[PDB]
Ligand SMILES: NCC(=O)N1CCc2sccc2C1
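Just the one chain here, laid out as structure tokens, in the form solved without this ligand.
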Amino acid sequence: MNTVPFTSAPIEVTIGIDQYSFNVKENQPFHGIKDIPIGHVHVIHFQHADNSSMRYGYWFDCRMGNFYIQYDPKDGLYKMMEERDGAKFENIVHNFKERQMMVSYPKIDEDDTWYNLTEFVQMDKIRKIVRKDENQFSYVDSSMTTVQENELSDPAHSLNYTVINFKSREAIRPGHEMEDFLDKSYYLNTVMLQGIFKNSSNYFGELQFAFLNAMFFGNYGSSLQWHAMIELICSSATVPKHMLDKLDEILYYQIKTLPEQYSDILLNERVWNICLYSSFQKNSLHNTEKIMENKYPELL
């Protein structure tokens, strides 16, 4: 079990760790988060009490280094840093742990939620969507735009998700215009899966990462990307059976986890109604259709 310690908490802030969150008061004796499960990516995120504008945060994997948070009063945010000196980092964490100045990652033993949300998410793929190669962790915030959003403005601060565009030459084979537009299987299976992602695991990883950035940061381009990757599958007549079953599980846990009060902004009515009720896969997402109908029947 790993630890993300804090030098201090000089500004009042709501701190998120994966799907959990807690409040820290201005100059409260808070030195970080302990007992973080090894084996998964994690995200630690922030919303300042005095400016809820800009949620921001860091994706990281404790197996890749010793990371900690220090407030920067010049740039006005909590920054993640890497400590190269292992000995000193373990001793400082040890002292923070002896003085009980850390919150414990509050995982219920029965609870597979975070695994189920991050099953296919890898740090190495995160770092290719979020380009900042000098760091082993990746910063995301509410305002970052995607490469596709910029085509329709700072490239260094962009989310390089795979561009999906149903009315593009990439999606449509010359001479198969109607076929490829009404049945996206070519675009899903040959262009995206075989061509770009290489396998469905990488595709689901980007999908899951897009959802998490939408949920935790309100990142609008991430929400667009999540819906596009769902629609591309649902709008393909030919999808491997194992992918549809896995998609159903992925979406189920995403819908289960979504804050009820954010449904209005995180869920696209058109995409979901199309996917569940009109698409080729309208009958292939049993678990997801049942939770959507019981939890968000208004959207449908």
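Residue numbers here begin at 1 and follow the sequence given.
If you look for the form solved in complex with this ligand, you will not find it shown, but the lines that follow are about it.
- Is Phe280 close to this ligand in the entry with it bound, meaning a heavy atom pair under 4.5 Å apart or at it? Because no heavy atom of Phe280 falls inside 4.5 Å of this ligand in the entry with it bound, the answer is no.
- State yes or no: in the entry with it bound, is some non-hydrogen atom of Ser104 no more than 4.5 angstroms from a non-hydrogen atom of this ligand? Yes - in the entry with it bound, heavy atoms of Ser104 and this ligand come within 4.5 Å of each other.
- Task: Could you list which residues of 15 to 33 come within 4.5 Å of this ligand in the entry with it bound, counting heavy atoms only?
- Result: If the 4.5 Å heavy-atom criterion is applied to this ligand in the entry with it bound, 15 to 33 yields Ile17, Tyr20, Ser21, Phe22.
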